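Worksheet: the structure to be examined is printed underneath.
2 protein chains.
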Amino acid sequence: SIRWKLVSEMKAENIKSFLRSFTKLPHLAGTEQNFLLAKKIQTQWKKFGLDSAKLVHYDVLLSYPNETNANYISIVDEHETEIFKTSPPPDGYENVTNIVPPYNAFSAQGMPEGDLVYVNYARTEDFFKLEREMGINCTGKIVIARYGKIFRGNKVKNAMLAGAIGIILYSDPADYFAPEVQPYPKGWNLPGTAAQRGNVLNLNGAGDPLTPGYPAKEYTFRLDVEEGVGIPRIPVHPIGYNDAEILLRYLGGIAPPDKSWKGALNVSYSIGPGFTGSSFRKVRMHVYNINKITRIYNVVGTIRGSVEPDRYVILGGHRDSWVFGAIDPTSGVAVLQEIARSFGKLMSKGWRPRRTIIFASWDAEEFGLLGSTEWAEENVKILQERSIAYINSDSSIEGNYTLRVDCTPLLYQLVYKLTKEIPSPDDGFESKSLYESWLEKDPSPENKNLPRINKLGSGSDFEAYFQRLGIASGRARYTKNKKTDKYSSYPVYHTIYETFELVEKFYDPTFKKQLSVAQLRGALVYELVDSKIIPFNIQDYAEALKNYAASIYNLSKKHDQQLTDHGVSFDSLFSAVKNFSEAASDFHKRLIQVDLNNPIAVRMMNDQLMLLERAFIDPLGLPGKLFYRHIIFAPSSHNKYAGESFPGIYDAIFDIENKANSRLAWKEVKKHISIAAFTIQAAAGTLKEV
Amino acid sequence: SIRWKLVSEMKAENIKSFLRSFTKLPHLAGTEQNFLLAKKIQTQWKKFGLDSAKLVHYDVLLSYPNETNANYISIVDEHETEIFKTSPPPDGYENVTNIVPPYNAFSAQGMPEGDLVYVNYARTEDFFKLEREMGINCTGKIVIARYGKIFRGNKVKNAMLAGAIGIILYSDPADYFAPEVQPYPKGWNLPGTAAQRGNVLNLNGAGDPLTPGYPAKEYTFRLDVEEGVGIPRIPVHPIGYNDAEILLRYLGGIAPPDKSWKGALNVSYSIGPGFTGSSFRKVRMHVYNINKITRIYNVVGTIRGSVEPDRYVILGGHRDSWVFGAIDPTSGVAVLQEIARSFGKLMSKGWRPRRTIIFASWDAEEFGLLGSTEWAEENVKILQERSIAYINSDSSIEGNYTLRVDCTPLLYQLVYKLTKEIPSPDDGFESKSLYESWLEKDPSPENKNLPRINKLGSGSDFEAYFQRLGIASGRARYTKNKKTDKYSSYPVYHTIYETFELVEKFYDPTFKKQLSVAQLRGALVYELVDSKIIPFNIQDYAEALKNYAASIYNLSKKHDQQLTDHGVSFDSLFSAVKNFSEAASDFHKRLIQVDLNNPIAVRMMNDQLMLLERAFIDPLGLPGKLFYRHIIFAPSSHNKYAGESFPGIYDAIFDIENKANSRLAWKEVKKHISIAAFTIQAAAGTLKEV
Ligand SMILES: *[C@@H]1O[C@H](CO)[C@@H](O[C@@H]2O[C@H](CO)[C@@H](O)[C@H](O)[C@H]2NC(C)=O)[C@H](O)[C@H]1NC(C)=O
Ligand SMILES: *[C@@H]1O[C@H](CO)[C@@H](O[C@@H]2O[C@H](CO)[C@@H](O)[C@H](O)[C@H]2NC(C)=O)[C@H](O)[C@H]1NC(C)=O
Ligand SMILES: N[C@@H](CCP(=O)(O)C[C@@H](CCC(=O)O)C(=O)O)C(=O)O
Ligand SMILES: N[C@@H](CCP(=O)(O)C[C@@H](CCC(=O)O)C(=O)O)C(=O)O
Ligand SMILES: *[C@@H]1O[C@H](CO)[C@@H](O)[C@H](O)[C@H]1NC(C)=O
Ligand SMILES: *[C@@H]1O[C@H](CO)[C@@H](O)[C@H](O)[C@H]1NC(C)=O
Ligand SMILES: *[C@@H]1O[C@H](CO)[C@@H](O)[C@H](O)[C@H]1NC(C)=O
Ligand SMILES: *[C@@H]1O[C@H](CO)[C@@H](O)[C@H](O)[C@H]1NC(C)=O
Ligand SMILES: *[C@@H]1O[C@H](CO)[C@@H](O)[C@H](O)[C@H]1NC(C)=O
Ligand SMILES: *[C@@H]1O[C@H](CO)[C@@H](O)[C@H](O)[C@H]1NC(C)=O
Ligand SMILES: [Ca+2]
Ligand SMILES: [Ca+2]
Ligand SMILES: [Cl-]
Ligand SMILES: [Cl-]
Ligand SMILES: [Zn+2]
Ligand SMILES: [Zn+2]
Ligand SMILES: [Zn+2]
Ligand SMILES: [Zn+2]
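Going down the list, the protein sequences come from chains A and A'. A prime marks a further copy of an entry chain. Residues 46 to 132, 136 to 326, 328 to 739, numbered by the deposited numbering, are exactly what the first sequence covers, in order. Residues 46 to 132, 136 to 326, 328 to 739, numbered by the deposited numbering, are exactly what the second sequence covers, in order.
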């Protein structure tokens, strides 16, 4: 088959060669090297035989350290004397000059000074525990939080809400140092001198902070920088664990409340505020990063469909990194090139797809999904009426245990089908499929005989396509074993030590695991773009809605008396879900009857398949979040990396027992139950024959 | 042709018989008689042979007088003694019991007392003149305004902003008494005892006040009534001119400022506050209408398409009236029945349309477009992806001089084409077409060789379809001669005197003018639903955008120094308009080349024609107005009946010289210029081939 030709043409050695070629120098967004990498990708797509390959630019707010006013944290004594201050490229890269020092992009500027408080992971539950159980008031304090568990911008939002005047982020070995592995370069663990870069915005889907809603073109209106969406109002800076140990060692005050607050350093993990047993009197931060409008460049290419050129499947991945980014994103950049090359080989033998493929290399993803979101804002009118699906191509290889897939229920069946026809790259599975190894290693909690597929929140460039525009989206990559590996992300994430050599020595020396991910991403694009009937299954969406309705109802049971007292009922939601299940079953019964030789009959049913995900989009958005529009899924308000189901109801019920005004609070729950019931009923209505 | 069979089957005598049958009794929304009229329309559509005809209900907030606490206005002396108080069915209707007394639906309740001020038509410019030129402060006053010029809800919003505590509305003979015509029943003029009913909400497109965004179903969340959208916060009541003359006669204070403030009554038109020359000391209002959730019923029917059943042309008109409503809306109800009957006659000979026709009889239009807007909110997901156009069928006969058409530029060419093939009903034009008489009587200001077509604002049930959803819309009716007839609406508008006998004796005894309107509305539906290529012209939209851009730029010239000082430029708007004109020309050049025997080629271009109007819809809405989403048109903020072009820019520049903060004000102008330029460029992008 053509799909087998596409998959079998892809080669591990080619992914390895692309990865080495793209990882020799840092390629930070807005810098000359990441522009040169765009032009290189463009040249390659033209050689492969794509119909077009263009650079598409935007001018967006970025953030960088000031070379002549360096950031630091210090400890001062009562006489204002600095007692301590926080502070080469990896082997082989000694001549690389322009590695950006560690910083958190979009931190406020300032020099706050105060007592230090340790706040664990700075999650919502950690600040609840501090205030409600531990007697700690963070107002006016500098807080120190360990990285991990949730997106760092959520930590900063939480510290702002708790009244902190600054937040120090650090990498604790409990979370970034795998047991019995040596630090880089001898092993793949994080050294104590390395800090994790990353932005600390709270954009909620907005894209460029200065141009929410509209693409950042040269004529475009810009908000004043002080009103930029999502920009934090306190300083934020990241440090490695050698420096963190010095800051934590003499913290006094209360003992850590339980073992879940204690990391792995040889310190007490006492909470503060203040020091004991030391010259250590106050902590200071000094953070002076600069925000500036900077040009970014997406590469956008196409293969135009031969039958339905006005229908799109998008394969997009980011190219910008914090330093070399050999895993994030460049492993995905290398995969995207190998998929485009393979589609080019098909074209060289006369094939053309039924629908149009759009290939995209996004810029400034690490600064808030900026390039992919600005392009979605520019092209929203054609994208929302014509797109079948978005397949991401970020990091392919964050661990070497098994596959991880996150996607809409519409795509579950296609994912399972395609993984059965891709050889497993895993040791011990040499005559078995990827589906077989994935099922053995990560069975789904809700059905032991299927592999786990996760919900979509945010974290990568599919966000605007799925959460704002309602385009079916999916992602797949290799990952760690969650039952034995307790570290967050991977140890060297967003450090200088994400090098080609790390990937080849420690993650995937044969490049077979990366190859399996390229084969799956490419095969998904192929089936979505070439199949006469779009390969979605809406009965799988109906089953998912039944599970999500049971989950949100279960989370309401502990408030049963309040539900009765305030007249709150989930009956309309369960009725809408029942009606959707009936409509989805009836739709599939009619779909198998379609006359495949009648092009308008086929197109009308394909439009229903394409527009189903769109029915879940509410133009009014979610509360406070104009740009999260999907009623079934949104990024969690507590952790943008995680997807939450029925987000409007979930947020309305969360911590409701502590709301000041219970009558108002329960009316908000009733509002969002009503919106969810309407939206699912409306979606069911789009499937009806008459 | 089939179109000629549709048009020629329609008969004046049938429109007359329908109108007589629907106008014997009042048919106020939410009352038993208007439900009985729905079931009658349903029975008729089934007899005609429609595929379906269903009642679709919603429970929405309506407003009615309290039978046991009647409304009134009084004049009291300084001893609190009532000196004056404001206060049968038409001939032939003496036994009709349930005529609703005059009131303004959704008025606040209250009994304010104070000095009286005359505020002319209570337009924005009248309140500017009062405050800025005449030295009058309306704070704490009862104001009296004449009806006319603008929607009455705008008068009430303006009086609230000026600080009034109540507003009396009245019909001045200057505006509702045509010269040398006798009052009803001897002629068609307004008697001095009659008052005009009508709602006084400021909904801005929201629909039911309690359920903005979502259809008002039985499970639906409802706002608390005190938070209902658009509900005024002062009492409002309407009176006839015999009563108004008594209230105006002894007003003292300043003389009317110029003749444009003087109506036709034998009173001075002095402004107040206060009385002179009289026992007349203070005015009181007493208004106690009740707001209550009430069931309403739309009738929705279909003829399913034979080729593209998933594409819709909607023909909708309201059925509810204030009293008998023989003009508004029942002349349009009679027309809609005659069009449905004629389509049924086509079906009886074996015809079926290419696309689907949706017929709708809307309820509660007179209470804020409620039935049509709730149905749009219920069906938004299918409507926005599948609708070709909306054709209204409200009043057909508001005067007897010539045609009036209001529609999107997409429909100009079709309107002109069809009017050339409909016989003119006008005396003296017996061998000429309707186009010929319309052109002679109402030439367009921008092209003397075409009839005038107006922009769409609000005022009838097309509003949500066009302004919220971006579905091409049009309306047509017979109207008065504006160059000789200076009265607003028609004299008996919204009174008990809108009777069948009024229409037959004074407006259109032969029913030929009503017939010509039925023929045009039906022919528009037919061509939109049956033509292989949707009959829109996008180069006419390009020309319209050039005119609107020149108009908004011209309105900015008096601020030229401020444009320079604040760095405001219209360059991006003119560049987007140029790019749209090029894209529209290129689209039409490709459209004539389409292979008409290739169904997917045809469908792809029809999708571009259908989705063009949608490209102008911004889900973020206009400032303060979530439900007006069209960037090119919106109802005027000063008069919802009028359409305004580039509404976001217009409102940003309006009265800008009086804004407190000029830097902020000009930044808002720049924002809305940027949004308009983006939106037109995005719309141009939807026409591109690649
Ligand atoms: C699911 O579909 C059913 C059947 O159409 C809807 O049930 C109606 O519910 C209303 C109250 O909302 C009752 O007045 C009707 O009598 C019901 N008809 C039946 C049971 O045949 C139900 O409303 C739909 N669910 C939603 C959320 O729209
Ligand atoms: C209309 O189309 C033109 C041509 O594509 C656009 O012109 C570009 O304008 C930008 C500044 O916005 C310049 O950087 C380019 O050099 C222009 N290219 C030309 C003139 O070939 C113009 O931006 C479009 N208008 C809008 C509103 O998008
Ligand atoms: N592991 C995460 C993050 C991958 P990422 O590319 O590194 C994204 C980047 C920006 C996110 C944002 O601004 O919203 C960040 O998390 O710092 C995932 O896969 O989902
Ligand atoms: N002459 C006007 C009004 C016709 P209408 O049907 O009477 C509408 C009705 C309700 C309007 C509203 O609530 O927005 C009103 O104006 O009071 C027109 O044609 O456009
Ligand atoms: C960088 O810091 C130096 C020293 O404070 C300052 O003079 C300079 O203005 C800064 N650069 C920017 C772009 O703010
Ligand atoms: C938090 O501490 C600050 C100290 O300035 C104080 O204003 C506030 O009342 C305290 N709140 C709680 C819950 O202790
Ligand atoms: C890669 O897999 C090998 C073999 O199972 C294992 O020893 C190594 O730890 C894995 N690497 C990482 C980075 O997990
Ligand atoms: C009508 O007015 C009477 C007299 O004030 C009052 O008792 C009654 O409650 C009113 N009806 C409603 C529905 O408010
Ligand atoms: C309007 O009159 C009221 C009288 O109470 C007063 O509060 C306000 O200052 C006056 N404003 C103007 C512009 O005269
Ligand atoms: C109807 O037309 C006749 C003949 O021109 C005219 O005398 C009469 O005033 C018109 N009626 C109205 C209501 O305008
Ligand atoms: Ca933007
Ligand atoms: Ca509603
Ligand atoms: Cl990915
Ligand atoms: Cl109309
Ligand atoms: Zn990253
Ligand atoms: Zn990434
Ligand atoms: Zn009316
Ligand atoms: Zn009407």
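Just so you know, even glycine gets a beta-carbon here, dropped at the ideal spot from N, CA and C.
In the DSSP assignment, residue 342 of chain A' is bridged to A'/106. Residue 539 of chain A has its CB nearer than 8 Å to a heavy atom of ligand 7.
With distances taken between CA atoms, residue 173 of chain A' lies nearest to A'/309 out of A'/119, A'/122, A'/309, A'/402. Per DSSP, residue 218 of chain A lies in no alpha helix (DSSP H); the unbroken beta strand (DSSP E) holding it starts and ends at 214-218. Spanning the alpha carbons of residue 583 of chain A and residue 694 of chain A' requires a straight line of approximately 41 Å. Identification of residues in the region 508-539 of chain A' having a C-beta nearer than 9 Å to some C-beta of chain A yields an empty set. For the region 400-425 of chain A, no residue has a beta-carbon sitting nearer than 7 Å to a beta-carbon of chain A'.
Taking the Cβ atoms as the reference, residue 222 of chain A lies roughly 18 Å from residue 191 of chain A, outside the contact range of under 8 Å.
From the listed residues A'/476, A'/91, A'/499, A'/126, the smallest Cα separation to residue 484 of chain A' is found for A'/499. For residue 432 of chain A', the closest of A'/335, A'/447, A'/521, A'/145 by C-alpha to C-alpha distance is A'/521. Taken in chain order, the complete beta strand (DSSP E) segments of 3 residues or longer contained in the region 501-564 of chain A' are 522-528. In chain order, 547 place their CB closer than 6 Å to the CB of residue 374 of chain A, counting only its own chain and leaving out the 5 sequence neighbours on each side.
At least one beta carbon of chain A lies nearer than 9 Å to the beta carbon of residue 653 of chain A'.
Note that the C-beta distance between residue 269 of chain A' and residue 724 of chain A is below 9 Å.
Counting along the chain, the unbroken alpha helix (DSSP H) around residue 465 of chain A starts and ends at 461-468. Think of a sphere of 8 Å around the beta carbon of residue 357 of chain A: the chain A' residues whose beta carbon falls inside it are 649, 653, in chain order. In the three-state scheme derived from DSSP, where H, G and I count as helix and E and B as strand, residue 371 of chain A' is classed as coil.
For a cut-off of 8 Å, the C-beta gap from residue 80 of chain A to residue 386 of chain A is around 17 Å, too long to register as a contact.
DSSP places residue 405 of chain A in the strand class (E or B) of the three-state scheme. Set against 8 Å, the gap from the CB of residue 71 of chain A' to the closest heavy atom of ligand 17 is not smaller.
Closer than 8 Å to some heavy atom of ligand 14: that describes the Cβ of residue 509 of chain A'. Taking the beta carbon of residue 609 of chain A as reference, no residue of chain A' falls within 7 Å; the closest one sits roughly 19 Å away. Taking 9 Å as the threshold, the shortest C-beta distance from residue 267 of chain A' to chain A falls below it. The Cβ atoms of residue 320 of chain A and residue 163 of chain A lie closer than 9 Å to each other. For residue 430 of chain A', the chain A residues whose Cβ falls inside 8 Å of its Cβ are 660, 663, 664, 731, 732, 734, 735, in order along the chain.
The closest heavy atom of ligand 8 lies 8 Å or more from the beta carbon of residue 722 of chain A. Scanning the region 382-462 of chain A from its first residue to its last, the whole alpha helix (DSSP H) runs of 4-plus residues come out as 419-435. In this structure, the beta-carbon distance from residue 89 of chain A' to residue 389 of chain A' falls below 9 Å.
Taking 8 Å as the upper bound for CB-CB distance, residue 611 of chain A' and residue 715 of chain A' are in contact here, some 6 Å apart. Around the CB of residue 281 of chain A', fewer than 16 other CB atoms lie within 10 Å, so the residue is classed as exposed. Per DSSP, residue 170 of chain A' lies in no beta strand (DSSP E) segment and is marked neither H nor E. Taking every residue with its beta carbon within less than 5 Å of a heavy atom belonging to ligand 2 gives, in chain order, A/266, A'/621, A'/624, A'/625, A'/628, A'/726, A'/730. Here residue 335 of chain A is bridged, per DSSP, to A/117.
Annotation for residue 161 of chain A': 331, 333 place their beta carbon closer than 6 Å to its own, counting only its chain and skipping 5 residues before and after.
Judged by DSSP in its simplified three-state form, residue 360 of chain A' adopts strand.
A distance below 6 Å between beta-carbons, with the five flanking residues on each side excluded, links residue 99 of chain A' to the following residues of its chain, in chain order: 349.
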